[PDB]
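The chain below stands alone and is given as structure tokens, in the form deposited in one PDB entry.
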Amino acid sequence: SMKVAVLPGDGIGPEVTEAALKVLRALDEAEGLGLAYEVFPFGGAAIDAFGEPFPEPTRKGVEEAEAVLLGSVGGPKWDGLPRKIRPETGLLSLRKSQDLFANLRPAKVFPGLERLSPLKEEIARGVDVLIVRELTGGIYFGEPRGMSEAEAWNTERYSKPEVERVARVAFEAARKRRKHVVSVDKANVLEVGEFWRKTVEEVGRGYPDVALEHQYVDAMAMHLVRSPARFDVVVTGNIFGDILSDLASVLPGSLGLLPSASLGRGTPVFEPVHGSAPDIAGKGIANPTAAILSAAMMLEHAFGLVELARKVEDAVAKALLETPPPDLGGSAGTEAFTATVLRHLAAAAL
């Protein structure tokens, strides 16, 4: 069995999630996976129907599933709502309630696809980075937070156990990869960066088989574009991970490519890094690669189906060469691009 709660959300979310469901249904028919999914209202779609972005039946669906496949939430229609019911607060709540503290956001340039990057070929060649972002703490969830007429405030707060457990994930990921971690902070200005750095250094002592370096967040952002092949695992807190991972999209060449997994105590969540892209929603052009590769991360991390996840990545890469979507300089919209993916997947099987 493979029990999946599907949260398509808003804007391009449903468009890309549908493309990802087509790939999963195809795998399920080919492989006998026992795929069982149900679609649940989430974000702005949930607000329009229930008045809150993460309503009861959706919380229940998440809770009872083995994995969540998520699209994206948000858009101009919901601009101005009180924060406690905004579409993005629904995704914060989902993460927090499942204690999904480890956000894995990989960025790789597939051999032969260096041409898709805005970076010169020789700079993009061989890039394979993994961002391990702390997802349930920091300024996203810190108290106090608020606003008056005169001012507004938010609190970047981390405890020792929160830093420890995300650091452990990064070192364990680096063990499985190329044995390098760079930890990222603003320790020269912020108490919380200092605390972060010391704690990651403490956890590092238990992994003498892994190399540990530290970088200030400003320099890291530069180094990640100028010398990306240098980095293996990058560990950082909630807001800096959010920023470095959208930035990491310029390595393979588009934010339409980047998948993610959110792992922790509860039901794991797999979603594109990208948002709901209201500028192109409803035009049938959204690149579904990030949703499709998030379904591949789900197969690997939630279901242990490592080889199927790899066939999906391979058919995506082929489709990227054959029929690029518009965000990568081609003209294949969502359904045509997914169709190319499905033909490569059928060619690899049938």
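Note that residue numbering begins at 1 and tracks the sequence as displayed.
The same protein also has a form deposited in another entry, omitted here; what follows describes it.
Q: Tell me whether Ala167 goes with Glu63 when the chain is split into two rigid parts between the shown form and the other one.
A: They occupy separate rigid parts, so that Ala167 and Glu63 shift as distinct bodies between the shown form and the other one.
Q: Work out the direction of the Cα-Cα change for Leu91 and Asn238 in the other entry: closer or farther than in this form? It's 3 angstroms or more.
A: They are farther apart; the C-alpha distance rises by 3 Å or more in the other entry.
Q: Quick one: with a 3 Å or larger change, is the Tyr207 to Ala302 CA distance smaller or larger in the other entry? Answer closer or farther.
A: Closer, not farther.
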